[PDB]
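Shown next as structure tokens: one chain only, the form deposited in one PDB entry.
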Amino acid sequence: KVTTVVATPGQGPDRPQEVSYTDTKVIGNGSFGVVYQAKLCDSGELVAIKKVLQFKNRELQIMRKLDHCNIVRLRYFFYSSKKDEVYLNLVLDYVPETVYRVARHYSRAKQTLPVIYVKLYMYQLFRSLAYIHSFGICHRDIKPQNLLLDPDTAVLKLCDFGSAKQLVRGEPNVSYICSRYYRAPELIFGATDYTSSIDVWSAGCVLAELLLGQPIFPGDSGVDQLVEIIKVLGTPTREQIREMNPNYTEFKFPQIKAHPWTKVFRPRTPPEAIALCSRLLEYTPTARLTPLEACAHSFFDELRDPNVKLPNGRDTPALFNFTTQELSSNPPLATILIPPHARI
């Protein structure tokens, strides 16, 4: 069946137009709603359609603002029909794979993801985070399942803005957010005044998971999530508790020292990957690297080499096409992030 709908372009203008698609199939179903795969009749291009029961949709208002090579682009949006039931459909660029599926493959085969892919995926993830954080947008669901991949080009695109929120200081936010294994400790402590640094904690969990071949903090519950963190970071200090949640107080508790980072990972783990990870998985939210600072980390130096290639021999995807928006947290950093061979 060929489906014809009146849809509005994702970025501009607000001029609705007829869009026709075919080859419709369910590719995902969850609490959020349903995700379909379809083919646009006009260009033969593949699309993902995220259908949500729908007040204005927070996810749509965020998606309409974004245009970045490491973020799944919102091509169109259309409403469909109890009949009081209204569904919002987000027509997104299609991406065939996820970091979850790719990492699972290597894990099942008992082999580590090659270091070049760890650098490429993590660098693209930090770029997508530098971009959204510059608008005050926090994703709040950074996990391998939300990291889409083009297996041939090694392009990574951040998806699923269903948990995302534009954070405003002094306006409270829900603490029970983010998939458990990737949940920042300040969220476990019940913080409602947290910042976009919760996404950097989650990005550090993805990195460690890529180095280990399994999640670093596999909590079996909310409390067990903190147990898993303490096994690595030890107990937080009174000052770190205040930095995580100033509303939380605990006068007495047994002090546990951190486990050495070098023993958390397998012996052959690249020491620069461990160093980077130690600067992301910190109790103090403000001590975590910003995404732009993480892109400039020496672990990503191989990506800035002019002779760098994928193991399949293809060239690396676009890594240096930075915009003023993306560089806004620290504009002078541009001269370090954009190597001489990449400049016009």
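In this text, residue numbers run from 1 along the sequence as written. If you superpose the two forms and keep the largest set of C-alpha atoms that fall within 1.5 Å, you have the rigid core.
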Handout entry: Extent of unmodelled deposited sequence, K82 relative to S81
Key = 1 to 3
Practice task
Note how many residues of the deposited chain are left out of the model between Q54 and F55; the options are none, 1 to 3, 4 to 9, and 10 or more.
Solution key: 1 to 3
Fill in the blank from the handout: Comparing 92 to 100 with 123 to 131, the higher average Cα temperature factor in the PDB entry belongs to 92 to 100
Practice task
Decide which of the stretches 27 to 35 and 297 to 305 has the higher mean C-alpha B-factor, going by the entry.
Solution key: 27 to 35
Practice task
Among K231, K157, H105, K263, single out the one with the highest C-alpha B factor in the record, please.
Solution key: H105
Practice task
Could you tell me which one of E171, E85, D224, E243 shows the highest CA temperature factor in the PDB record?
Solution key: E85
Exercise for the section: Could you say whether, by C-alpha temperature factor, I256 belongs to the lowest, middle or highest third of its chain? Expected result: middle
Fill in the blank from the handout: For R268, the third of its chain by CA B-factor is the middle
Exercise for the section: Using the B-factor values recorded in the entry, state whether the Cα atom of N70 falls in the lowest, middle or highest third among the modelled residues of its chain. Expected result: middle
Problem - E45 CA temperature factor, ranked by third within the chain - result: highest
Handout entry: Modelled-residue ranking by C-alpha temperature factor, third containing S175
Key = middle
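From this point on, the text means the form deposited in another entry, which you will not see here.
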Exercise for the section: Tell which of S107, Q166, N247, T153, after superposing on the rigid core, has its C-alpha displaced by 2 Å or more between the shown form and the other one, please. Expected result: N247
